[PDB]
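The chain below stands alone and is given as structure tokens, in the form solved without the ligand.
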């Protein structure tokens, strides 16, 4: 009953990295206590509210520094795009409407003190600041960082690196910031980021830190904002989506019918992982084959083809083992999310992997 529901709620969220949890440790213990006290309406009301804040979370990121190719590329990276100003300029995310990346002019190109620069750029609107440079950070930049901390807000230093398509990283950091820990006195990190490959240098560490520092309810929309170009960014999306459908199942209490209603949800999920038709049709042409003949080696198109009801029956018993059960819609969504994430990971090395499926199976499904 309620006690087993509560203990199954607790065990589920222990399987996820700290920085990817879409609800706080406080809200977890809260929902547990209410369920244990059998205040079931109160618990559902809390879960509903949590889901409300996750789905409507705005994300406003201020990117401040000198103009140039590296800065524009990083702003596009935060919009999920792979391509003498004195005003800030908004750049809305093309796929998430609640997300806006702001281009702020470098403080050195204005006549503003740190405090007046921040009020001119309406600092209270943002979730955090990225202070970005292509060369070396100046005393200017360190005093702006100091002024942001004194507002009670977060900043991160990003140095962009021109690339073509270890020792380089250590040398660039000695060049770009050997005077930062003088002006600031706590030691701030610098994140080196490649202008071509988000897998390189410090960008994986940056996504992890930004997630860790954000409020729990904003982690979902941030994890979705980045393009599915590395195993790390795919898995942050996978784990965040899996938590969300579990919360939906917790608040809620003919497989072909259920599948047909999830059809729009399944297409949303495909777009998150880069498996929309257009993305797949493009990979198929680079491989010189029918897109229909391409998808034969992906697991997600034939996932719901031993009869399906028996496979699902056995799937549900594995997911239940470390009993609490949920609606069939929860298990189908969870299964589809693991299958699509695995297919997107395999396509990161598409052509070398054809040498019947190129992806790993979703756990507990085909065994």
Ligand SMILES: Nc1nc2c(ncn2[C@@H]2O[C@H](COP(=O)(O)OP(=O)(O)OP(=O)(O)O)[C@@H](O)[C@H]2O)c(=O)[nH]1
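Positions refer to the first chain, counted from 1. Take the two forms, superpose them, and find the largest set of C-alpha atoms that agree within 1.5 Å; that set is the rigid core.
Just so you know, the form deposited with the ligand bound exists too; it's not on screen, but the next bit is about it.
Blocked site. The ligand, superposed from its pose in the entry with it bound, has 3 or more atoms within 2.4 Å of backbone or C-beta atoms of the chain shown. With the partner removed from view, the residue among 177, 225, 235, 195 that has a non-hydrogen atom within 4.5 Å of the ligand in the entry with it bound turns out to be 195. Only one of the listed residues (217, 173, 93, 161) places a non-hydrogen atom within 4.5 angstroms of the ligand in the entry with it bound, and that residue is 161.
In the entry with it bound, residue 243 stays away from the ligand, with no heavy atom inside 4.5 Å. Proximity of residue 319 to the ligand in the entry with it bound falls outside the 4.5 Å heavy atom cutoff. At a distance threshold of 4.5 angstroms between non-hydrogen atoms, residue 40 is out of contact with the ligand in the entry with it bound. Although the partner is absent here, residue 58 lies well away from the ligand in the entry with it bound, with no heavy atom inside 4.5 Å. Partner proximity in the entry with it bound, defined as non-hydrogen atoms within 4.5 angstroms of the ligand, places exactly one of 66-74, 309-317, 333-341, 295-303 at the interface: 66-74. Of the residues 267, 150, 178, 208, exactly one exceeds or equals a 2 Å C-alpha shift between this form and the one not shown once the rigid core is aligned, and that residue is 178. Residue 289 is among the residues whose C-alpha shifts by 2 Å or more between this form and the one not shown once the rigid core is aligned. Taking the rigid core as fixed, one finds a CA shift for residue 38 smaller than 2 Å between this form and the one not shown.
In this overlay on the rigid core, residue 58 has a C-alpha that sits less than 2 Å away from its partner position between this form and the one not shown. Compared with the form shown, the residue 116-residue 69 C-alpha separation decreases in the entry with it bound, the change being 3 Å or greater.
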